[PDB]
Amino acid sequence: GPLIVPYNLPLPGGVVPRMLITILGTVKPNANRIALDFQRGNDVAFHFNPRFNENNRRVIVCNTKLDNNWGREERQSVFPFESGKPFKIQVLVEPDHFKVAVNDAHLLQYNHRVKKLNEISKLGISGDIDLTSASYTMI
């Protein structure tokens, strides 16, 4: 059934290459933001943040937060989300990157800045979505 947002998905023993995380939900009408935050304690190893209205443009911001400071943003203008519509986000952990696909299309890759993959042990999901499912498997 419905999951409550913000939602915290534990990743027992951290992430590993070949782990595939799948998030299903629906963007609310008039959404502003979505965020997936892969955490290593207080640090955010990988923040994946679609913004629906940043100076009247849609953009995806990726970043990492270390010791309560945000780093250098990486931005992607390809924006596969739409207000009101169902989505699937898949994050595949690879040896050197997270790889993100939305609705079965490749979107972006994010190079690992936090290198202790085994300590990335929680995924926070938040923002203007109805969350249907969040799960992981090994491929």
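Don't overthink the numbering: it's just position in the shown sequence, from 1.
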Check your understanding: Averaging C-alpha B-factors over each stretch, which comes out higher, 89-97 or 30-38?
Key -> 30-38
Practice item. Tell me which of 39-47 and 77-85 has the higher mean C-alpha B-factor in the deposited entry. Key: 77-85
Check your understanding: Which listed residue, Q109, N103, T64, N56, has the largest C-alpha temperature factor in the record?
Key -> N56
Exercise for review: Would you mind ranking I129 by its C-alpha B-factor against the rest of the chain and naming the third, lowest, middle or highest?
Suggested key: middle
Point to revise | Chain third (lowest, middle, highest) by recorded CA B-factor, residue given as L9 | key: highest
